[PDB]
């Protein structure tokens, strides 16, 4: 249907605009839709875009507003004192501010539906909240409403929540338009989604993006598909992948590179209230932190991720145990049988489960999928599903049987409760992935394994060498293969922090010269250099000119193929901020051929300094554009947990950055 009101080209410069005469007497019925296209690249701390209010003395809490914060949060208030109603619905990190230095036109759709008693907010094609209430309050049913305002709320005759920005278009409808109708509304998005709520992964949440340009020109991406909110394990998380064959313009429906079946893949709205937001799927196995590389020699794509058995995160991860037993230069996966207090088994050659106390083999074997077989027959366990129907999180059997896996809670044989690294490969550039294999321990039998650095591995240009950075307490532990990832060795490089989350990414400055940039606990990004293709590593230095928080954030980095200002160039992606994960930048550095030092010459602001930017992935697209897939929110903040569709993709050109 048609708008009852339509206006545009409104400039909000800290002075409200009264549209009462134009709008108020057009409002009728109990259901309304607001469609508003607006820019705000210099927002005030807290500002209202739109208000309906009782402006009379004594009725300061009788109003409806659509408001935003300079954090990028969007919300509404719906208030009527006489009715005793004070609704406040919102979601952090819902907005864009700037893109390529130009103010972004956000498309906001707010639906107030009296029939379903539900308020729903979409921004830029993304539903950011949908709230059902017992007692519905139609927005124009507020006692004594006498003002319709743009860029403030009129309370007791004064302008509250004064806005800075513009409303290029605003329409109102005396109808609650359908989800279908919403999706036909044209958008002006500066970004794309590769992974998103409702896709093939059926995860409502995603974290830890990666990007990698394959030699055929295909761009591949991997990500944590996170089911139990945005929590790091413990949770259910699979590793999903998608690829683009047209320079990032479009992307394939995701598939899984690594998945477990002990818990159902469920699209779940995770509670965001302070009482329940720390609810955590607690009995599921999971993957976390993926990294990609391509091997010139075989042509295979190789993906690694951390693996966690059921219940297990990095907090309850058995340090002081690798999960393997050393038996004469060889490492065998340890197992514990249902009922025993110790790990009395190992998985020897051909997956034969072997009793260590009597040195007899059992009739149990472990297949290539880490599934348990008895006498060649597939054992099963019953799957779990989760729900908050009772009010709190419940994890319960759902009737479906799935293959018994040693990483599962209900398994007859269980691996050691600690962190492992798995590897899978693709022969068809990400169209399918093999069953993963665990990597062996590198730091000894009684050292719990290292943590994979998410993002990219490094494929050295002039050899067959493959390297994946990993971290542990007191060092970076590079994993090195010269035979297409069939065998790996480690190269240890000491760093001056104990228990840092030293997420590290590498660039090749020139043949055999690797610089690694990594996250620290110092508020500055660090780096070290190898000049022998990763055999040995320099001492640690720090970058000036970029700030991180004390706890730090992952940094992504590439070596750009083309000269810039006549020099070799490296591009870093990172939040630039000592307060939180915001102020995203790409920083372009020019290499000094004399000494391999880097002049950080250009800083490109991804969006506003106050808007969220966390983990990121950068790649040089085959057309020499830059692709960026990143968490567009603060993934540290306890106020921004469990947000949907915040991992977003943008395309940039080098001239945009300079």
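Numbering follows the first chain given and starts at 1.
Chemist: Should the higher mean CA B-factor in the entry be assigned to 434-442 or to 191-199?
Modeler: Result of the comparison: 434-442.
Chemist: Which has the higher mean CA temperature factor in the PDB entry, 281-289 or 399-407?
Modeler: According to the PDB entry, the answer is 399-407.
Chemist: From 477, 216, 316, 124, which pick has the Cα B-factor that tops the rest in the entry?
Modeler: Spelled out: the listed residue with the top C-alpha B-factor is 316.
Chemist: Which of these has the highest Cα B-factor in the record: 333, 381, 257, 423?
Modeler: Answer, based on the entry's C-alpha B-factors: 333.
Chemist: Taking only the Cα B-factors deposited for this chain, tell me whether residue 149 sits in the lowest, middle or highest third.
Modeler: Tercile = middle for this residue's CA B-factor.
Chemist: Of the three thirds of its chain by CA temperature factor, lowest, middle or highest, which one includes residue 564?
Modeler: CA B-factor rank for residue 564: highest third.
Chemist: Which third, lowest, middle or highest, does the CA B-factor of residue 394 fall in along this chain?
Modeler: It belongs to the highest third of the chain when residues are ordered by C-alpha B-factor.
Chemist: How does residue 56 rank on Cα B-factor within its chain, lowest, middle or highest third?
Modeler: Residue 56: CA B-factor falls in the highest third of its chain.
Chemist: Which third, lowest, middle or highest, does the C-alpha temperature factor of residue 386 belong to within its own chain?
Modeler: Middle third.
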